[PDB]
Number of protein chains: 4
Amino acid sequence: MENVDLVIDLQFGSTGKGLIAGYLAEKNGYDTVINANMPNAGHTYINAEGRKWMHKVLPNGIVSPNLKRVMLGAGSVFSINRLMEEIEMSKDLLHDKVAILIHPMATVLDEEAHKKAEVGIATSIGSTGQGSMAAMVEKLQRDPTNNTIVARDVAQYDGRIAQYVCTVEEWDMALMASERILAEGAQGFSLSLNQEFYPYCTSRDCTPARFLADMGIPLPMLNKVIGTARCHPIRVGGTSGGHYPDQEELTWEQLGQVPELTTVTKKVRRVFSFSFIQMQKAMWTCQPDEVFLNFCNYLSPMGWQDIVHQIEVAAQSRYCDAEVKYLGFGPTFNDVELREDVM
Amino acid sequence: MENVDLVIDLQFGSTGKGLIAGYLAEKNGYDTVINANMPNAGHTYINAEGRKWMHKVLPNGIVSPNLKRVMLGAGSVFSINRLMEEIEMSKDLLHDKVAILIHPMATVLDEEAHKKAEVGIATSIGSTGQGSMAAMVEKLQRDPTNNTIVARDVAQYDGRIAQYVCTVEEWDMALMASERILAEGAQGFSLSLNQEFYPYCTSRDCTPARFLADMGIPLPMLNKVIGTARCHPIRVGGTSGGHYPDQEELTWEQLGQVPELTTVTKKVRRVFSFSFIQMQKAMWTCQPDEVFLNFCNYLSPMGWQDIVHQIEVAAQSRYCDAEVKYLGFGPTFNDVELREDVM
Amino acid sequence: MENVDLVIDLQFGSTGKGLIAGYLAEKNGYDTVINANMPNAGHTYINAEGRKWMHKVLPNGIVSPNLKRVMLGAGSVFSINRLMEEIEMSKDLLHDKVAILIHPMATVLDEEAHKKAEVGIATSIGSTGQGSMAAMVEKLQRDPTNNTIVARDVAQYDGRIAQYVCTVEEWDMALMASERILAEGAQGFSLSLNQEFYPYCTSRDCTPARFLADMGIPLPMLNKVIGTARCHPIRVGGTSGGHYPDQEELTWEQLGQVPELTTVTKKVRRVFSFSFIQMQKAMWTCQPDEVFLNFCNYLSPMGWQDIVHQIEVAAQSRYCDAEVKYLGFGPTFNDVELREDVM
Amino acid sequence: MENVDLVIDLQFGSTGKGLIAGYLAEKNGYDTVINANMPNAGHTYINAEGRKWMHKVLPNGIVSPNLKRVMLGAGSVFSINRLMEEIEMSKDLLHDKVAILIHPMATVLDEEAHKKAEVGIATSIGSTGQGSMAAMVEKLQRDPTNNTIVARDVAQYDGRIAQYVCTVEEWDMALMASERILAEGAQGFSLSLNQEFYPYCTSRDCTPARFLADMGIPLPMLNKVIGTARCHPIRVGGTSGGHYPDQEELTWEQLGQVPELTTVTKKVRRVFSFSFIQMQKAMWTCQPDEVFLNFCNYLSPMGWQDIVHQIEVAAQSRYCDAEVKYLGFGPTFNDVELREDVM
Ligand SMILES: Nc1ncnc2c1ncn2[C@@H]1O[C@H](COP(=O)(O)OP(=O)(O)OP(=O)(O)O)[C@@H](O)[C@H]1O
Ligand SMILES: Nc1ncnc2c1ncn2[C@@H]1O[C@H](COP(=O)(O)OP(=O)(O)OP(=O)(O)O)[C@@H](O)[C@H]1O
Ligand SMILES: Nc1ncnc2c1ncn2[C@@H]1O[C@H](COP(=O)(O)OP(=O)(O)OP(=O)(O)O)[C@@H](O)[C@H]1O
Ligand SMILES: Nc1ncnc2c1ncn2[C@@H]1O[C@H](COP(=O)(O)OP(=O)(O)OP(=O)(O)O)[C@@H](O)[C@H]1O
Ligand SMILES: O=c1[nH]cnc2c1ncn2[C@@H]1O[C@H](COP(=O)(O)O)[C@@H](O)[C@H]1O
Ligand SMILES: O=c1[nH]cnc2c1ncn2[C@@H]1O[C@H](COP(=O)(O)O)[C@@H](O)[C@H]1O
Ligand SMILES: O=c1[nH]cnc2c1ncn2[C@@H]1O[C@H](COP(=O)(O)O)[C@@H](O)[C@H]1O
Ligand SMILES: O=c1[nH]cnc2c1ncn2[C@@H]1O[C@H](COP(=O)(O)O)[C@@H](O)[C@H]1O
Ligand SMILES: [Mg+2]
Ligand SMILES: [Mg+2]
Ligand SMILES: [Mg+2]
Ligand SMILES: [Mg+2]
């Protein structure tokens, strides 16, 4: 029954979850790909031939040569317009023998109302202001007179999603039928609503237990957790929040890199030194089996090799047998290296 | 590392989670007891000598002869006044060598405001109207200017909870130091926000994955899941929601029992026949290792023995090897029997 | 042929013979229950639902779900009025397919005369003064002219018992037909007429050999002997007799308990410390296979656990392989525990 | 621990218990011989050389070549004068390395008072009038002011028995020390106080369970039961009582024998035909392992051989595997034959 490989971020998000999800999908050929994304940010994957996917709704694992099911969990908050654009963009991949299943309880984003309600926190806590929490709050209100927030009710008047919206039993049966599943997490461990930076955090916990719960995955189904990290963790710009005591804020100049910016909001990313405290904390809760260390291209061999050893010792210190198996030297499939081959 | 025994409700709540938690605490002598309750639920335990505990905040496992830690998770919503009364009533048990730890991110209930904000859902969806969701929404708002909703901020002006409010690292360390842990879930599987009865449900998922996430417990720590059920499941009074296709609403009269009243509202409970569909669904997601079948005292031996076999076949049908280990015949410790000893 | 389970008291009586008899009857479902009580003893059983039986005549095992026969041996001394009240109170249990058999030679108590003849020993030896010995003496006189002492003769003029009074052959046949039998002893080992406290003793031996003889049970029929004991043995009020050299008289005050009152006389019970000498003596003669250690609720875990080990070593010392199988923590069915489950 | 061979009568007494006890004592060489006789009647043994023992108190097994202990049980009723005469008569056998132990609770017969009290029943029920029951009644009265009935109290003023009177613990220890024990019963099965002929019966049950109880022998100690019978059962003269439906009263003339008389009272013995009903009844309760068929000298080979087969079929019919091992053709050791040798 253990057939779910779960992808999670060990720092403050934007580490390369999309890159390893696409890479693992191409290598392991999962028949089911599942997620529970909110409109916060888009994940990128670039394959060997240079084709690029930027997803806010669909999992990045749709590039799997054995794709049979694409499932969007109960914890999802999505723009119907975005989902339509994303499906159409990968129509060749999402063919007649691929089933797209939207959980009946997934939240439909009202872009007019939900973005307007997040205008204040977009400045005060440096929030993305995408409407994710405002939509989540409307769901929680449980007004029986409101038939415009969950997918099951929206499907009654919006036929664009109607074919995809399934029942709870159809959802359970699809997981049961699945041979091998790729589950994709979002945001990052330190962004968790219940980690130390509150209120400078996101609207949910970004931990394996919360992701499985938001995707409706039974715990005995979990096979492996693949954690992702950067050599220099980033945080998204403005009054976004603090850092750990053993890390310092850097500049893109110090690193000799072109300043990194968010895709749509064009907010410059804040960059920090590696934090061993952050790793111990993330290793304790997230307990990954395998680690993908990305942006090794910003350091020299001794620098990224030293971080590999730090991560493995951080894991062991928190009863975790995490192995840094993959190393990222660029944004493409061809830039993902096996650790054992480069060091 | 696998030392967490988790107690969860397989139906619509109020099945005897309080009773088995107290029973297991006395038998297994856990050093740590942990929960993440909201004010919408109350749990009862009665020991061999007739002492009674009715808890809305504190775990029921505080009766453990080796109690060292009492921990209230980040997912908790609590009335400070209630916590003070619950502590005072078990002051003999909660002695100088017992540490009470309230997660810094646990929510402090604003009795007046939060209850006022749930007037309406209390009638429309048959909600408890205890303020649980309204408090949860205020936390989610993440207003940096609001220092009155999370325990960490409230402790700065309310010295009643100040000694108990810990840091995130203190929380992680307490779990790490623990020898054996009793984790107590609340509400019930079918009350989940993401199960089929939405909006006639609670404000979170009532599944093992969500409980571990709300208590901040790493997944490799889970040892055993003990699922609880009744021979005749119950719901709260009013327009509380629908039922499964294979079950029917009954009356206390039909059962020959004195009408049951809800724990928080002095309201009459709705009673239904046993549902095999509900069991298959609960077994699939919750995957319990052991089952406590309670209220066998409302049936004849053939009746409750037949339900034991139904539960085990429902389990096997959903790849779960659940064993009905305990049988309940009354509200006290002495009424919990080993299934092996009675059938 | 070995199908008789015999219940006997290892000390001075009133240790919980009634309780274990009811408990074993409910668990093992004996078709035949047999005794040979005199009016000097009363035995109590309280079931899981709170129903109480206090018997001076009828066995306590009438609560057996497979009851077919209730037999009162040749050694019985009974008040017809009492037997009628005891039958009436359990008329639901003693239905049309339950045969009550009174041995033809059982003694009918002459309340006025027999009680008048025990005035004196009631003060001098602290006797119950119930008429037991006086009735027994009248039987022994064997006056062919006396048709008012044995059941067989009384039945000729007293139609209340006539249907129940059987022949000797009917008695033998009922035992032969029985599948599984529960035999209940009375008083206690140290009250034996032939133990060291004479004349401060009862009018017969309270040993397995005497009970089988008084119930007319062939010796190859004996399967198992269940001996009963208290952590602090008791005696009746007054000049009831001495104790063993290794034990001391206590007070209910010293024990922190409400003073206990005797079953027939509303008199205060004398309490003593546990005697290892009494156990060795009782184990030697009575040779029990299983032991029920009752009133563990008057001690702390170390106290009652230590007495369990004393009993087993006292047993081994007298070539007896007695196992303390049951532990009593209260007066009801739910308070009987398996020793294996609590220590 | 199984080392007690018990001798019992299967009819109405006077069958040859003394003859087989002496025979078995000489053959098996028991170190301990035990009994619990009342003054009712004397048992006879005649050895190969013609020496004769007529005992009312001492066991007949004192002829054992390995005699170490002679024990008189708590159930004994004896004349001190008789015991003195009997010991003196066998002084050569009861030497310095043989210990005589009288149970402290054995009854001392007051020949003046106890015989006078039995004058009425000696005529009415054809009783022996030896005082046995009158002495037994005085013991049962338990008057603390009476120091003249039990051996322990009589020893304080009658030094003739003082050396022999032991404690209860000395009694238990002597049985424990014993290698092989010969236990001798008295009277006979059909004479039992609780058999069908009441009041034309004796003052106790004449069954293995009552004899072991009266001798204070633990039940696990029983090895073998040797039952005794006559080809023509007798009953002791006068208005002694009835018989079984399948037997008839005969005359000594019909048998061609000299009329049999009691030793002291010179009462002619009543003689009856063999009763198969009597055997079935005796086999059921007494369950003997071996049978001694005596007075085969009053019949022809086909007559006594036919009774052997009747007895074995009677045994089998009552779940008894009794083997008629010994056949009696006279009153002497030399007259006891092994069955396998004569048929
Ligand atoms: N090692 C790398 N060097 C340079 N650019 C990279 C590397 N790995 C990934 N990228 C780019 O980093 C950017 C930031 O990540 P973004 O959130 O947009 O998607 P992602 O890489 O899949 O990250 P995540 O899914 O963790 O949010 C992406 O545009 C991606 O193409
Ligand atoms: N077998 C039973 N028969 C009768 N009453 C019972 C039984 N088990 C529990 N009870 C009582 O019925 C009620 C059912 O519980 P509701 O909260 O009230 O459950 P709980 O045991 O208190 O805990 P939980 O809500 O977690 O199930 C409680 O008041 C409890 O004491
Ligand atoms: N563990 C216990 N703790 C407290 N009370 C008990 C316990 N066991 C029995 N009792 C009660 O104390 C009394 C002791 O019994 P006494 O006759 O009264 O014993 P019994 O159980 O009634 O039978 P028996 O005389 O054969 O021992 C009874 O009233 C009984 O219900
Ligand atoms: N087969 C026999 N033939 C003739 N006389 C016998 C035979 N066996 C025993 N006797 C005599 O029968 C008589 C009657 O028995 P009595 O009670 O006096 O002693 P017992 O033979 O040992 O009998 P029991 O011990 O059974 O009472 C004795 O005097 C005895 O010697
Ligand atoms: O996917 C993500 N990548 C990076 N930062 C994120 C992501 N999601 C949320 N955040 C950060 O989390 C905080 C709160 O985000 P919100 O959930 O959009 O309100 C802000 O500081 C965001 O920049
Ligand atoms: O402990 C509980 N027992 C039973 N029903 C509950 C409990 N908690 C919440 N509910 C149900 O959850 C829904 C809303 O209650 P609320 O979560 O308190 O708002 C209703 O359908 C209630 O009946
Ligand atoms: O059931 C009983 N429990 C306790 N003592 C008893 C019981 N039956 C008899 N006795 C004791 O036996 C002696 C005489 O009581 P009697 O047998 O009723 O005459 C006294 O020492 C009593 O204390
Ligand atoms: O040892 C015995 N042999 C034969 N008859 C006996 C013996 N003991 C008692 N009886 C008979 O038993 C009856 C009652 O005897 P009691 O016990 O002496 O009063 C009478 O019919 C006696 O003849
Ligand atoms: Mg991103
Ligand atoms: Mg409840
Ligand atoms: Mg009693
Ligand atoms: Mg004789």
# chains A, B, ... in the order shown; residues from 1 in each chain; ligands from 1
$ interface_residues --of "chain D" --to "chain C" --cutoff "6 Å" --atoms "only C-alpha atoms" --output "VMD selection string"
chain D and resid 105 140 142 194 199 203 209 to 210 213 218 285
$ write_last_selection --atoms "N, CA and C atoms" --output "PDB file, in the first residue's frame"
ATOM      1  N   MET D 105      -9.036 -32.699  68.188  1.00  0.00           N
ATOM      2  CA  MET D 105     -10.479 -32.546  68.106  1.00  0.00           C
ATOM      3  C   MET D 105     -11.248 -33.865  68.084  1.00  0.00           C
ATOM      4  N   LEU D 140     -20.462 -30.837  68.930  1.00  0.00           N
ATOM      5  CA  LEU D 140     -21.158 -29.841  68.121  1.00  0.00           C
ATOM      6  C   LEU D 140     -21.757 -28.684  68.916  1.00  0.00           C
ATOM      7  N   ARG D 142     -20.451 -26.966  71.240  1.00  0.00           N
ATOM      8  CA  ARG D 142     -19.385 -25.959  71.364  1.00  0.00           C
ATOM      9  C   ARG D 142     -19.544 -25.039  72.590  1.00  0.00           C
ATOM     10  N   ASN D 194     -27.225 -39.724  54.673  1.00  0.00           N
ATOM     11  CA  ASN D 194     -27.872 -39.091  53.519  1.00  0.00           C
ATOM     12  C   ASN D 194     -28.252 -40.044  52.383  1.00  0.00           C
ATOM     13  N   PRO D 199     -34.672 -42.525  58.713  1.00  0.00           N
ATOM     14  CA  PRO D 199     -33.701 -42.477  59.835  1.00  0.00           C
ATOM     15  C   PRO D 199     -33.007 -43.793  60.201  1.00  0.00           C
ATOM     16  N   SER D 203     -24.959 -41.868  61.939  1.00  0.00           N
ATOM     17  CA  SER D 203     -24.898 -40.409  62.175  1.00  0.00           C
ATOM     18  C   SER D 203     -23.973 -39.599  61.214  1.00  0.00           C
ATOM     19  N   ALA D 209     -15.418 -39.118  50.314  1.00  0.00           N
ATOM     20  CA  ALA D 209     -15.306 -37.686  50.635  1.00  0.00           C
ATOM     21  C   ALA D 209     -15.463 -37.399  52.129  1.00  0.00           C
ATOM     22  N   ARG D 210     -16.435 -38.032  52.809  1.00  0.00           N
ATOM     23  CA  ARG D 210     -16.628 -37.837  54.246  1.00  0.00           C
ATOM     24  C   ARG D 210     -15.475 -38.444  55.069  1.00  0.00           C
ATOM     25  N   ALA D 213     -12.397 -36.187  54.770  1.00  0.00           N
ATOM     26  CA  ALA D 213     -12.720 -35.004  55.576  1.00  0.00           C
ATOM     27  C   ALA D 213     -12.554 -35.289  57.100  1.00  0.00           C
ATOM     28  N   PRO D 218      -6.010 -34.141  52.589  1.00  0.00           N
ATOM     29  CA  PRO D 218      -6.249 -33.360  51.359  1.00  0.00           C
ATOM     30  C   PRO D 218      -6.595 -34.291  50.185  1.00  0.00           C
ATOM     31  N   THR D 285     -21.266 -43.042  43.748  1.00  0.00           N
ATOM     32  CA  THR D 285     -20.712 -42.167  44.773  1.00  0.00           C
ATOM     33  C   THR D 285     -19.302 -42.563  45.182  1.00  0.00           C
TER      34      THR D 285
END
$ residues_near_ligand --ligand "ligand 1" --cutoff "8 Å" --atoms "only C-alpha atoms and all ligand atoms" --output "ChimeraX atom specification"
/A:9,13-20,41-46,54,186-188,228,260,262-263,294-298,328-332,335
$ select_by_dssp --residues "region 26-104 of chain D" --states "alpha helix (DSSP H)" --output "list in words"
residues 26, 27, 28, 80, 81, 82, 83, 84, 85, 86, 87, 88 and 89 of chain D
$ residues_around --residues "residue 99 (chain B)" --least-positions-apart "5" --cutoff "7 Å" --atoms "only C-alpha atoms" --output "MDAnalysis selection string"
chainID B and resid 68:70
$ atom_distance --atom1 "CA of residue 72 (chain A)" --atom2 "atom 20 (C, counted along the ligand's line) of ligand 5"
22.9 Å
$ select_by_dssp --residues "region 129-228 of chain B" --states "strand (DSSP E)" --output "PyMOL selection string"
chain B and resi 181-184+222-228
$ closest_residue --among "B:257, B:163, B:239, B:280" --to "ligand 2" --atoms "only C-alpha atoms and all ligand atoms"
B:257
$ residues_around --residues "residue 174 (chain A)" --least-positions-apart "4" --cutoff "9 Å" --atoms "only C-alpha atoms" --output "mmCIF file with C-alpha atoms, in the first residue's frame"
data_model
loop_
_atom_site.group_PDB
_atom_site.id
_atom_site.type_symbol
_atom_site.label_atom_id
_atom_site.label_comp_id
_atom_site.auth_asym_id
_atom_site.auth_seq_id
_atom_site.Cartn_x
_atom_site.Cartn_y
_atom_site.Cartn_z
ATOM 1 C CA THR A 32 -1.229 9.399 -10.399
ATOM 2 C CA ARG A 69 -4.773 10.511 -13.139
ATOM 3 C CA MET A 71 -5.996 14.947 -8.803
ATOM 4 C CA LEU A 101 -10.377 14.784 -10.660
ATOM 5 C CA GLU A 169 -15.995 7.999 -2.901
ATOM 6 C CA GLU A 170 -14.621 8.506 -6.488
ATOM 7 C CA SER A 178 -3.369 4.028 -8.266
#
$ atom_distance --atom1 "CA of residue 91 (chain B)" --atom2 "CA of residue 6 (chain B)"
25.1 Å
$ atom_distance --atom1 "CA of residue 183 (chain D)" --atom2 "CA of residue 5 (chain D)"
6.0 Å
